[PDB]
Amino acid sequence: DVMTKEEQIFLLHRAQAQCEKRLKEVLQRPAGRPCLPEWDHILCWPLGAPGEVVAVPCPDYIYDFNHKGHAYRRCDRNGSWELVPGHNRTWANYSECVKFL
């Protein structure tokens, strides 16, 4: 019954392909400059309104995550995802997802 690493990787690949299709779709809508769907190797972040803190349920296809939790990004007021200054990284808080690992 155990989920193998190989299945977990397949599920990530499936979520990544869905994210790509999602980005292409929302790019055909009327829009200003919302923060756009992005794949980070764990999650597909959804559209974000300028300024807002974006909460996503810890993904159900990650077998070991806390599914009652959320992960967080922030969309800046220019429509760019918030960064970690001085590091080559987008700001994201996955603490709730990993609290029991």
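In this text, residue numbers run from 1 along the sequence as written.
Chemist: If you average the CA temperature factors as listed in the entry, which stretch comes out higher, 65-73 or 27-35?
Modeler: Mean B over CA atoms: larger for 27-35.
Chemist: Based on the deposited C-alpha B factors for this chain, I'd like to know if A92 is in the lowest, middle or highest third.
Modeler: Bottom third by C-alpha B-factor.
Chemist: Lowest, middle or highest third: where is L83 by C-alpha B factor in its chain?
Modeler: Lowest third.
Chemist: Select lowest, middle or highest to describe the third in which the CA B-factor of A15 falls within its chain in this entry.
Modeler: Answer is middle: the recorded C-alpha B-factor places it there.
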